[PDB]
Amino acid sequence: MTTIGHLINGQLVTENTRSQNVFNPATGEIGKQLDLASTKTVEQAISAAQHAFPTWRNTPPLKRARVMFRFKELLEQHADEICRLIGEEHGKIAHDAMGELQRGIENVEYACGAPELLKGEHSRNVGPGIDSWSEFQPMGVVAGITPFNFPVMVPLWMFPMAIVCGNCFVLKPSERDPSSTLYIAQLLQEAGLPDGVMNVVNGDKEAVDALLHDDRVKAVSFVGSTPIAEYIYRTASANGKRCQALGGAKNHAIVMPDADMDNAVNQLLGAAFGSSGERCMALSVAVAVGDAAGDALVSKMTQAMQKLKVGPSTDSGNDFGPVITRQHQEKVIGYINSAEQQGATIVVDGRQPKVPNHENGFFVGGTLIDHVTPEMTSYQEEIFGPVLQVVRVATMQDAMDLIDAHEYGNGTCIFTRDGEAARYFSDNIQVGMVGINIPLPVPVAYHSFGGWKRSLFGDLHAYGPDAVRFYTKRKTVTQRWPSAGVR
């Protein structure tokens, strides 16, 4: 049966004081036991990282970046096993898993260029005969905390950049799918990373708290839900240390009268239902301006939604897999019930998927909910399942007001052919990542990802250029040589 441990100073260790089930959400069956680290075990991770830091701090960027060059190859060689371990515990089918991995590898690609990214600014004669320049030096031991829905990519947002910027890392990944995460961390030792520089510590709140209250932990990167994001951000900030905490979302798309409805519907299938809707960039609300477009959207969407296939990752050619836990399934079903009960139209019901087939695991089918209103709880709250909701509004400004009024502002999209409507949208909308005929406007590895309003806490975003600034601290040197005796 076997137990999943911790990666510390290049070794798998296990504490054996407390454990938890990891499941196979397709079958609903218990897969593996996860050892949950207490504060003592987390402190061994931090000691390891802290002990590794001095030599790695002085390790030239080029040499640190060569680890990520080799790490990239290894990610690619082991792609199928990685995807398999993602699939086994998350449930997502090969092509979502391969997409996640690829974007992860892209973060590693970006980090391979650390010497360019770590260039300071040099200034000649700030005064007469006086020079000055900036350096972005390493923080020390950095902590990372990651959610379940991307057990590979979201870690790769953090440790690749952090490590290559000269820090040492302690990762505390989601307990609901830790194998895929640990698998990639172990690859790193093969890629030539010294022992201690990357550590993986599995657990729950106790592990996270220990990271937040250790003085050696100089920075905390968090990606998960807003309620937790906020806790992590307030707590870290209250102990002095720097922090970036990315929260939840309710991504809206405006479908304009001039949009190509076919292309819009085809893209909204993937965006809304891909990865079972368990995405921070999930396109969960379609705001149809007119109807007109409302009717045509719900019509064509219904049609395309019939071809969707829900089932386990063992079957490639499914479109998406199960939800992560029974609890989560019950929550998603709850939200659909709430929508119907508050007056919404369940155009396509997937509460009772029953599509499987030797599976009482945690499945939810693709669901379409029409005539939803801002006073609906299901609209206000993040469902985080395979659900798409439609609001109908009179004008484009009304849809933008509706978006700006929301708690979250992570991601957003406008479908249109008109250049003016696209600029006015991208300029004025109060969300961090904007798409133009792109329902998942995820920034590429060489840009930074981050929402606005309650979707992000902090002033530096995730991965990309901001991660360089977040995983370093500015030192400014001012130099002068008055004593000209030798010359």
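For every residue, the number given is its place in the sequence shown, counted from 1.
Which has higher Cα B-factors on average according to the PDB entry: 419 to 427 or 455 to 463? Of 419 to 427 and 455 to 463, the stretch with the higher C-alpha B-factor average is 419 to 427.
Stretch with the greater mean C-alpha B-factor as recorded in the entry, comparing 302 to 310 against 70 to 78: Result: 302 to 310.
Maximum C-alpha temperature factor, selected from 113, 290, 224, 138: If I rank 113, 290, 224, 138 by C-alpha B-factor, first place goes to 290.
Candidate residues 160, 361, 128, 321, the one whose C-alpha B factor the record puts highest: Of 160, 361, 128, 321, 361 has the highest C-alpha B-factor.
Residue 258 by Cα B-factor - lowest, middle or highest third of the modelled chain: Answer is highest: the recorded C-alpha B-factor places it there.
Lowest, middle or highest third - CA B-factor, residue 36: Middle third, going by the recorded CA B-factors of the chain.
Name the third of the chain's ranked CA B-factors that contains residue 411, choosing lowest, middle or highest. For residue 411, the deposited C-alpha B-factor lands in the lowest third.
Check where residue 90 lands among this chain's C-alpha B-factors and tell me if it's the lowest, middle or highest third. Within its chain, residue 90 is a middle-third residue by C-alpha B-factor, going by the deposited values.
Compared with the other modelled residues in the chain, in which third is the CA B-factor of residue 236? Within its chain, residue 236 is a middle-third residue by C-alpha B-factor, going by the deposited values.
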